[PDB]
Structures are given as C-alpha cells and as structure tokens.
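Experimental coordinates for this protein are included below, preceded by the sequence.
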Amino acid sequence: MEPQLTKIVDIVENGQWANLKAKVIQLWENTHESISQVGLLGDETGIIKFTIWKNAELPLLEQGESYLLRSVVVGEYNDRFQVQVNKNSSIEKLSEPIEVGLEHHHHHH
C-alpha cells in the first residue's frame, strides 16, 4: 500500500533500505552454496544487478515477468551496487510489465 518506490539512479549509497520494481531480463545459476542465483533486472531508470540469498527461501523469479521488491538492502559490488533479497524482503508478481522502450512507434492504420 503506497510503497516507497526508488529509482535506480537514485540509489548511490550502500545499506540503503527501500522498495524497488524492475523486470527480469536474464538470470545465471550460481554454483556457490551461499549465493543461489545472480542476474540483472531491466527498468526505465536503467539496469540493476541483484543476488538472491538462500536464507530468503522465496520462490524463484520468472524471466519476462515484472516483480515488486519491498524492504530490500543495497549491497556493495565492485564499482557498482546491487540489491540483495532476504527473508525480510518480499516479492510480488505484477500483471503490468515495465516498458523500457518499444524501439519503434506503432499506430493504427
């Protein structure tokens, strides 16, 4: 209900808590026992990397579907930043996808 949405460009501090919405582009399976999966999420503000922690015990994210993340923390990653999903965070399936560009303008005719 009226969640505090934050844009990717707005994120510039680590440990920052807030909600983030994005589209799933591609996910790579991790052979590490700690990290479960790692990938990148598309968004009108750009692309953000994310890592799923097993301690979260949350359902796997589906490709080509939008999701709303709430109560998440930004982790430190090399020169960039990423969002870490934990049990405290929540994931909800959105029936509305995120538009990142149609690459072309269409019209009725």
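Here it is on my side, so go on. Residues are numbered from 1 along each chain as shown.

How many residues are close by the closest residue to residue 16 other than its chain neighbours?
Nearest in space to residue 16, with sequence neighbours left out and distances taken as C-beta to C-beta, 6 or more residues apart in numbering, is residue 74 at 4.8 Å. Where you see a C-beta, it was placed from the backbone N, CA and C, and this is true even at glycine. Number of residues near residue 74 (other C-beta atoms under 10 Å) recorded here: 20.

got it, and residue 35?
For residue 35, using other C-beta under 10 Å, the count is 14.

now the one 3 residues further on
Taking other C-beta under 10 Å as the criterion, the count of residues near residue 38 is 16.

and the residue nearest to residue 16, how far is that from residue 1?
Between residue 74 and residue 1 the computed distance is 23 Å (C-beta to C-beta, to the nearest Å).

Then residue 72?
On the measure of C-beta to C-beta, residue 72 and residue 1 end up 17 Å apart.

which of these two has more neighbours?
residue 72 (21 against 2).

Identify the residues contacting residue 99.
Residue 99 makes contact with residue 44, according to C-beta atoms under 8 Å, 6 or more residues apart in numbering.

Mind listing what's buried along stretch 93-101?
Under the neighbour-count criterion of 16 or more other C-beta atoms under 10 Å, stretch 93-101 has residue 98 buried.

now it, how far from the centre of its chain.
In terms of C-alpha atoms, centre = their mean, to the nearest Å, the centre of stretch 93-101 is set 12 Å apart from its chain centre.

repeat for stretch 76-87
10 Å.

circling back to that earlier point, then whichever strand or helix holds the residue nearest to residue 16 to CSV, C-alphas only?
Assigned by DSSP states H and E, residue 74 belongs to strand 66-77. C-alpha atoms of strand 66-77 as CSV (Å, rounded to 0.1, in the frame of the first residue of the first chain):
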residue,chain,number,x,y,z
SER,A,66,7.8,-7.8,-13.7
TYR,A,67,8.2,-8.0,-9.9
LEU,A,68,7.9,-5.6,-6.9
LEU,A,69,10.6,-5.8,-4.2
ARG,A,70,9.9,-4.3,-0.8
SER,A,71,12.2,-3.9,2.3
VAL,A,72,15.5,-4.7,0.4
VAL,A,73,19.0,-3.5,1.2
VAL,A,74,21.6,-2.4,-1.4
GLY,A,75,24.9,-4.4,-1.3
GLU,A,76,28.4,-3.2,-2.3
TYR,A,77,29.5,-4.6,-5.7
